[PDB]
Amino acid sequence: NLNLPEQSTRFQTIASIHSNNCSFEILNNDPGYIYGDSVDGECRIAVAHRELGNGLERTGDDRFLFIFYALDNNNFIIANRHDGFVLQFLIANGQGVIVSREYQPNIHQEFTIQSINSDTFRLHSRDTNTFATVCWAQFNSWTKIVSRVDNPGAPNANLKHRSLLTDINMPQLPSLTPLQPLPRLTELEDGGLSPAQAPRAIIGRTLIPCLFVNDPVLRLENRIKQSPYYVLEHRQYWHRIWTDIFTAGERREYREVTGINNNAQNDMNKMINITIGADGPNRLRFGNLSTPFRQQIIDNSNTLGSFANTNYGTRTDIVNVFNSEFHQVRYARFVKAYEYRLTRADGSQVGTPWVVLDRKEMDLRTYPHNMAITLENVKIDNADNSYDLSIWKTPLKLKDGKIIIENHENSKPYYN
């Protein structure tokens, strides 16, 4: 169920319909570079670093191959397979040219496809109202790619795709799976499933353009070839925070650390330009790089947009629990975990997943079955921010198998 335009799931060349054999070619040229075949004037000399050429198409050559990354606003970022730089409109010496530059992004890297008919289109830069074509209509000559306004004299700007590459290492997306309740404990010695062992539900997954994935091992020129999209998974599991055998009437104290640490948020921001907002464990904040794709990322990952100006942090609660049963009882206490995992197209993990422990959704397993522990008291030891300072109303009975979610009736501000 992949809802992308065909230009976004392949590489393609770009050519004037009036050119026999030439296509748009990525150059590493400098100002003063001579286009030998061109008539004299503005079409003969490069005015900018990394102009595009009207080159005889070489089959299999990455310098002619482009992928169109689809923005939420229906425009495209157009990246080349040779080095992963993107097309950009630029004025140098009063001449409108197409260059290749690193993804910024900026409005001059956004292109509009204007389809004239089934196989013919124009590449529109909407900010300048210009269309990409060959300098002075020299359609069969070595010269630069320009971007010009429509006038009577203007070179025809009708383009086509000359060649396609359809084998591009698209990822295989995992199937959605529901979050199951944890099994019952089987004996006193059963501590339940540890976080490493707990099954993950796949709640959502989205493609991420490789352009702003700071993969610590793959540089951009290799990402665009091997993993033009990455996969971000939204997973959930039941995370055990502690387990112990209690004697009849035994009282114990635990330090419960929930949320997500500052170092994990900084790693997530560096890697994909996204953080978890303080307003919830499924609430995403977007930076400048990820913002143009935010609605697709939210829709496909089954998260929500964050409205917070602060990131989710850690909180340490001191919890006092009392075994109010006259039996020896195994207690195992779990909170819901949100796990964000990034993989390459080959399925390889890019680093350690980012995990938010949600203190507001909690479950209990006991042996024997159907035992209940008393939550005597909760106190905040410390928190990284003041966004969520609610605590459980105590005393509270936690029963085997019963999920408790925070609401107006079972919680209060810490100072009441």
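One rule holds for the numbers: they count along the sequence shown, beginning at 1.
Undergrad: Quick one: higher average CA temperature factor, 213-221 or 126-134?
TA: Per the PDB entry, the higher value belongs to 126-134.
Undergrad: If you average the CA temperature factors as listed in the entry, which stretch comes out higher, 277-285 or 159-167?
TA: If you average the C-alpha B-factors of 159-167 and of 277-285, the larger mean comes out for 159-167.
Undergrad: Out of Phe66, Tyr387, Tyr367, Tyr69, whose C-alpha atom has the biggest B factor in the entry?
TA: Comparing C-alpha B-factors across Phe66, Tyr387, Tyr367, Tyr69, the maximum falls on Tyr367.
Undergrad: What's the residue among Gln328, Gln88, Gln236, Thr243 with the greatest CA temperature factor in the PDB record?
TA: Answer, based on the entry's C-alpha B-factors: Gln328.
Undergrad: Determine, from the deposited record, the chain-internal third of the Cα B-factor for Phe121: lowest, middle or highest.
TA: For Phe121, the deposited C-alpha B-factor lands in the middle third.
Undergrad: Quick check on the deposited entry: does the C-alpha B-factor of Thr9 sit in the lowest, middle or highest third of its chain?
TA: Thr9: CA B-factor falls in the lowest third of its chain.
Undergrad: If you rank the chain by CA B-factor, which third does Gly204 end up in: lowest, middle or highest?
TA: For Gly204, whose C-alpha B-factor we compare with every modelled residue in the chain, the answer is the lowest third.
Undergrad: Name the third of the chain's ranked CA B-factors that contains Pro353, choosing lowest, middle or highest.
TA: It falls in the bottom third of the chain.
Undergrad: Which third, lowest, middle or highest, does the C-alpha temperature factor of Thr314 belong to within its own chain?
TA: It falls in the bottom third of the chain.
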